[PDB]
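Whatever order the structure lists ligands and atoms in, that order sets their numbers, starting from 1. Just so you know, these numbers use all the heavy atoms, side chains as well, and skip hydrogens, waters and symmetry mates. Sequence lines set the chain letters: A, B, ... in the order given, protein chains first and strands last, and positions in each chain run from 1.
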There are 2 protein chains.
Amino acid sequence: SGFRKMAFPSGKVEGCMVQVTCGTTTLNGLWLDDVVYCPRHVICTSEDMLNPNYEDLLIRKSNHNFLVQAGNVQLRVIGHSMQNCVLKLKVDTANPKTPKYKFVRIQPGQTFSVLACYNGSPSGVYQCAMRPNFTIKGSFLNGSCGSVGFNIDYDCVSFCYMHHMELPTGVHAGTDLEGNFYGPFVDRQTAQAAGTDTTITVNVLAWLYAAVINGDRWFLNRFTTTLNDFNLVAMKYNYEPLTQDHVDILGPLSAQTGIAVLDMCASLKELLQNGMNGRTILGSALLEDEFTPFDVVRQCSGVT
Amino acid sequence: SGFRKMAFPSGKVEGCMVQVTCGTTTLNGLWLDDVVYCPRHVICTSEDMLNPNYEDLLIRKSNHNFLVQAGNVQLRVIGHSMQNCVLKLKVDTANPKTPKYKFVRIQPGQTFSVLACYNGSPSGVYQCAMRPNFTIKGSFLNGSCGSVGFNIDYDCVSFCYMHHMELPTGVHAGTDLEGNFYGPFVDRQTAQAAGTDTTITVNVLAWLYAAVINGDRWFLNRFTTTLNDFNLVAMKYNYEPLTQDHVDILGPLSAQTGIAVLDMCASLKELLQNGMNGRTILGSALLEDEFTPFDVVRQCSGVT
Ligand SMILES: Cc1ccncc1NC(=O)Cc1cccc(C#N)c1
Ligand SMILES: Cc1ccncc1NC(=O)Cc1cccc(C#N)c1
């Protein structure tokens, strides 16, 4: 028992972190096989960031201008290319610690672990979720760009995020490992505002199930609801609409607890309408939405 | 910017996790140099747990009864001894992945990272705090015993906790790496109740400083207080008494923000008396106490 915001063990990703320097800009790179992936804004000066033309800026850069350091040893750059907003630096040495891996582009609501790095060195690991407005609420300072987000399935690391930018509001934006930004953000020092940060309803329901599994049952009520009635309440509270696909994904949690999904939806509806009343659920005074139904099943079963 | 419950990167500790089996009981062990550390209750059957005499139970065990597996290979046990509530299994092979390490016994209020393991395999990493009642609010299932708590200082891993037990209330109890339980708990299947789980005041103040550093300033008031006035309020709310040692440790945060420690104490006092009023601080609707002043400084500066 006990329910914690848990990140995947970071070991497999620590073995891939390198430092990439171009001119006076130093950030993090991800070294898989003989390629180092890093944000393309590594080639920019603070002046260049105002309105960069990356293809033009890249013309003045050669293989030798990209300094890649793994631990205390220098990697030799034998090729460089730009794929969307990431740079792929081909090195002459394959990473001996390359785990089995995939590049995946996740959907909003999906969670992942972040290994926050500075100068190619890991400082911490935390669990995140891709917000419905395609931002992430991370913990990143200057130098953290190139830090990555990932999920692990036994021995295969699915990389889903690479940190690129901090918006004027302090929230974060980044790309998948193909260099495509999540959301409408661009790698430019221009004011870009995020959309509505709505609550991931399916995740809140999954966490309510986790709370029931752990003994926190005070919020369970004598009511039920329909998907349409529930969604009228959810829209009012800036909660994402719940679909039958979400109901399907909650099935194993409904089966384990014997609480029908629509019954848990009715409990959630009363929590939104009445508030917590100074009470807590799993040590939290607000409804947590950064655990997916898969995370709740995984944590409650002990998947390694 | 952004403030997250961050754990240390777990790589260095993943390389130490092994599976220890004795009879029909399988749990986790920590392999440092040529010694495997694990909870001594690995020698017990569920029947033995009711009232175990560990010295007596150990007489019926030999080196060959302890099966230690690291990855998919078996380690040879050439010696075994009991130190307090841990077993130290001397193996014939030194762990090639042994990091620089220390065994430390932490004080209540101090935080650490937990690598939760099952069958010697890591499943997740989360950040914890030793509660003032010497329990931890972890996330552990059957098979997680022997999972460890640690802090890292650049390249040196300070191991501070080893998971042993789940109390009837679902909270957790364990030992330092010398086998001494934190708190008054014993490794026995007997009802043991935890004391008052008070709030770690110094940690809440450190997290209020982190909130100010990140832009959340709504709670900052026009008041100040004294240590004695503050502690009268803190005692009423089951908060730990604040000492001048705690004020000293908050000094770098006070200096960075320009907010005197007693002024932040007065802000905390009004938060306790008035409540949050449906507002949030760093995305939380309650006062977080599992970040030390050192953690806040570390996260806000980017220590790797
Ligand atoms: C200072 C900081 C903190 C946390 N995360 C990231 C940062 N750094 C930045 O945002 C620098 C920057 C400026 C404009 C565009 C991009 C892109 N792509 C990157
Ligand atoms: C089932 C479980 C879940 C999480 N953490 C731990 C556990 N397991 C236990 O507590 C088993 C047990 C029984 C009595 C005494 C001790 C000791 N020392 C250990």
Side-chain angles (χ1 to χ4, degrees), chain A residues 1-2 25 27-28 38-52 54 84-87 114 116-118 135-147 162-175 179 181-182 185-192 214 300 302, chain B residues 1-2 25 27-28 38-52 54 84-87 114 116-118 135-147 162-175 179 181-182 185-192 214 300 302:
Chain A
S1 70
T25 311
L27 45 65
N28 312 278
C38 80
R40 69 178 177 170
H41 75 254
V42 72
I43 73 171
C44 299
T45 72
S46 66
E47 314 91 273
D48 284 331
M49 289 316 296
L50 303 178
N51 192 12
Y54 288 95
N84 302 309
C85 305
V86 298
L87 287 183
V114 174
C117 292
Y118 296 93
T135 69
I136 84 163
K137 297 155 133 154
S139 179
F140 294 118
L141 308 171
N142 178 252
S144 65
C145 310
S147 297
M162 175 168 275
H163 189 53
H164 284 238
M165 187 167 71
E166 157 190 78
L167 297 186
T169 54
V171 305
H172 307 106
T175 69
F181 261 89
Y182 282 103
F185 311 106
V186 291
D187 44 6
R188 180 181 180 209
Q189 184 55 59
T190 201
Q192 305 174 55
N214 282 286
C300 299
Chain B
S1 70
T25 311
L27 45 65
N28 312 278
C38 80
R40 69 178 177 170
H41 75 254
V42 72
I43 73 171
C44 299
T45 72
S46 66
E47 314 91 273
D48 284 331
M49 289 316 296
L50 303 178
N51 192 12
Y54 288 95
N84 302 309
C85 305
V86 298
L87 287 183
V114 174
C117 292
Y118 296 93
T135 69
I136 84 163
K137 297 155 133 154
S139 179
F140 294 118
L141 308 171
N142 178 252
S144 65
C145 310
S147 297
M162 175 168 275
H163 189 53
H164 284 238
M165 187 167 71
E166 157 190 78
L167 297 186
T169 54
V171 305
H172 307 106
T175 69
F181 261 89
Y182 282 103
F185 311 106
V186 291
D187 44 6
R188 180 181 180 209
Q189 184 55 59
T190 201
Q192 305 174 55
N214 282 286
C300 299

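- Within the 4.5 Å cutoff, the side chain of B:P52 has no heavy atoms near those of the B:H41 side chain.
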What does the N/O contact table under 3.5 Å look like for ligand 1?
| from | atom 1 | to | atom 2 | distance (Å) |
| --- | --- | --- | --- | --- |
| ligand 1 | 5 (N) | A:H163 | NE2 | 2.7 |
| ligand 1 | 10 (O) | A:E166 | N | 3.0 |
| ligand 1 | 18 (N) | A:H41 | ND1 | 3.2 |

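- A pairwise comparison of heavy atoms in B:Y182 and B:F185 identifies O-CD1, 3.4 Å as the closest pair.
- The backbone N or O of B:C44 lies less than 3.5 Å from a partner atom in the side chain of B:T25, making a donor-acceptor pair.
- A 4.5 Å side-chain heavy-atom check between B:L27 and B:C38 finds at least one atom pair inside the cut-off.
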For residues 162-169 of chain B, which side-chain N or O atoms pair as donor and acceptor with protein atoms under 3.5 Å away, sequence neighbours left out?
| from | atom 1 | to | atom 2 | distance (Å) |
| --- | --- | --- | --- | --- |
| B:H163 | ND1 | B:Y161 | OH | 3.0 |
| B:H164 | NE2 | B:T175 | OG1 | 2.9 |
| B:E166 | OE2 | A:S1 | OG | 3.4 |

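- Taking 4.5 Å as the limit, some side-chain heavy atom of A:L87 sits within range of a side-chain heavy atom of A:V42.
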